[PDB]
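The chain below stands alone and is given as structure tokens, in the form deposited without the named molecule.
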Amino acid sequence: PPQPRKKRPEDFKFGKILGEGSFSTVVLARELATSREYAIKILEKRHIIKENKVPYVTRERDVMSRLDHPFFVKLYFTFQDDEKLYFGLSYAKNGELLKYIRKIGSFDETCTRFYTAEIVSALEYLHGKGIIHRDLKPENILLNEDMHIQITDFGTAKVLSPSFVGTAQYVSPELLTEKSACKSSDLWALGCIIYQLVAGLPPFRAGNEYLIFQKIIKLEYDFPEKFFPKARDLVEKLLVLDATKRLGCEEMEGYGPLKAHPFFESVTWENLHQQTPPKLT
């Protein structure tokens, strides 16, 4: 089937910078012919080559192409000039989730349940496709116009066949003990995010990267008294040192028992994207 002739930088009115990575920068752009707002990720080839990140960029482009679900940022086009790589991404109008965490303090039982369910529904999909995020954090979970999640940053994503260490606060213990990640890394990360939604802060916190890692392996963290009981139980079934005993993994019989947890008693999994998100306090 004949696809539209490659896009060019000149087809856009580039605007404000939205994000700044080490290898990339994300710019808000408006397609002139169509009036559309894309989040264009700009990567400089020389730097990618120099810093030996070609397989990283390849993987990213390949993984985003494989994704087709409403809780994920979509890839529309890719084009390149003499010095840069451009990725045409979906523009989440309301930005990062961390913005809403920091802005309202911490989430109520209804909000924590709805966004947790959206993240679970998203991971069930991603894992269904045998893809692992490897760096799931509130900085990577964005909010669209509708206030529904849109997961991004697939640079570090890994496609399983039959390495990289993410953000310190969300690193699972096994990553510090064998340098090996699986579906269970993403479930440990989810355990942190939930703790972060209820208590307004990540679970493991310390003066530097070393003390954080020390806390993670020792499993040194504690629930504030003002924490929902049902959410507390869920967080304890996820922040488990034994990677094979995390609620949601294949050893634990997958996503069935996770979605089945009392903290999601009222959640209707089958149509979250169609549901009207609760008002953020």
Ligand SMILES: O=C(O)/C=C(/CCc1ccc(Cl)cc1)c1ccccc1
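Numbering starts at 1 and follows the sequence shown.
Omitted here: the form deposited with the named molecule bound. The next part is about that form.
Asks: Check, residue by residue, if 194, 223 and 259 all come within 4.5 Å of the named molecule in the deposited bound form, counting heavy atoms only.
Replies: Checking in the deposited bound form: none of 194, 223 and 259 is within 4.5 Å of the named molecule.
Asks: Since exactly one of 252, 57, 217, 240 fits, which has a heavy atom within 4.5 Å of the named molecule in the deposited bound form?
Replies: Contact check passes for 57.
Asks: When the contact criterion is heavy atoms within 4.5 Å, does residue 117 count as touching the named molecule in the deposited bound form?
Replies: Contact with the named molecule, no.
Asks: Even though the partner isn't displayed, in the deposited bound form is residue 61 close enough to the named molecule, meaning a heavy atom within 4.5 Å?
Replies: Residue 61: yes, in contact with the named molecule in the deposited bound form.
Asks: With the partner left out here, check for me: in the deposited bound form, does some heavy atom of residue 45 sit within 4.5 Å of the named molecule?
Replies: The answer is yes: residue 45 has a heavy atom within 4.5 Å of the named molecule.
Asks: Does residue 163 reach the named molecule in the deposited bound form if we count a contact as any heavy atom within 4.5 Å?
Replies: Residue 163 lies outside the contact set for the named molecule.
Asks: Is any part of 84 to 101 within 4.5 angstroms of the named molecule in the deposited bound form by a non-hydrogen atom, and which residues would that be?
Replies: Read in sequence order, the residues that approach the named molecule (within 4.5 Å, in the deposited bound form) are 85, 86, 87.
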